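Participant:
2 protein chains.
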Amino acid sequence: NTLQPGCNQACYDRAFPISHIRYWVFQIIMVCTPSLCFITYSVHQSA
Amino acid sequence: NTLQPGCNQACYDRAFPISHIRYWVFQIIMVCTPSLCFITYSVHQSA
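These protein sequence lines are chains G and A, in that order. Counting from 56, one number per residue, gives the positions in the first sequence under the entry's author numbering. Counting from 56, one number per residue, gives the positions in the second sequence under the entry's author numbering.
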């Protein structure tokens, strides 16, 4: 509720520094990483 | 600097309850009143 240009951008950036969806995507990939490491180690161990 | 309807009216009314010009007009007429009273009393005293 204002007429000042640029207030919307600043206030939105302050309210939500990082969107929830991106945080959850990062969490999912990071949590799945160790299984990938184990799988590639197993593949390396053979041939 | 706002988008709220009616904020301009309220804020202007609070800033300037009475305009200067109207106060000065009232002052001029009120200050001139006693001379009018004296003149009309003089007119009445004759005829």
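Just so you know, even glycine gets a beta-carbon here, dropped at the ideal spot from N, CA and C.
1. Between which two residues does the alpha helix (DSSP H) containing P89(A) stretch?
2. List the endpoints of the continuous alpha helix (DSSP H) containing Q64(A).
3. I'd like to know whether the C-beta of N56(A) is nearer than 8 Å to at least one C-beta of chain G.
4. Would you tell me roughly how many angstroms separate the C-alpha atoms of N63(G) and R69(G), rounded to the nearest one?
5. Residue 108(A) CB to nearest chain G CB: under 8 Å?
6. Taking the straight line between their C-alpha atoms, what separation do you get for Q100(G) and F93(G)?
Facilitator: Working from what's here:
1. Start at 1 with the first residue of the second sequence, and residue 89(A) comes out as number 34. Per DSSP, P89(A) belongs to the alpha helix (DSSP H) from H75 to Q100.
2. On the second sequence, residue 64(A) is found 9 positions in, with the first residue counted as 1. Residues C62 to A70.
3. The residue you call residue 56(A) lines up with position 1 of the second sequence. Cβ-Cβ to chain G under 8 Å: yes for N56(A).
4. Here residue 63(G) corresponds to residue number 8 of the first sequence, with the count starting at 1. Here residue 69(G) corresponds to residue number 14 of the first sequence, with the count starting at 1. Approximately 10 Å between the Cα atoms of the pair.
5. Beyond the ends of chain A as shown, which are 56 and 102, falls residue 108(A); an answer cannot be given.
6. Counted from its first residue, the first sequence places residue 100(G) at position 45. Counted from its first residue, the first sequence places residue 93(G) at position 38. Rounded to the nearest angstrom, the two C-alpha atoms are 10 Å apart.
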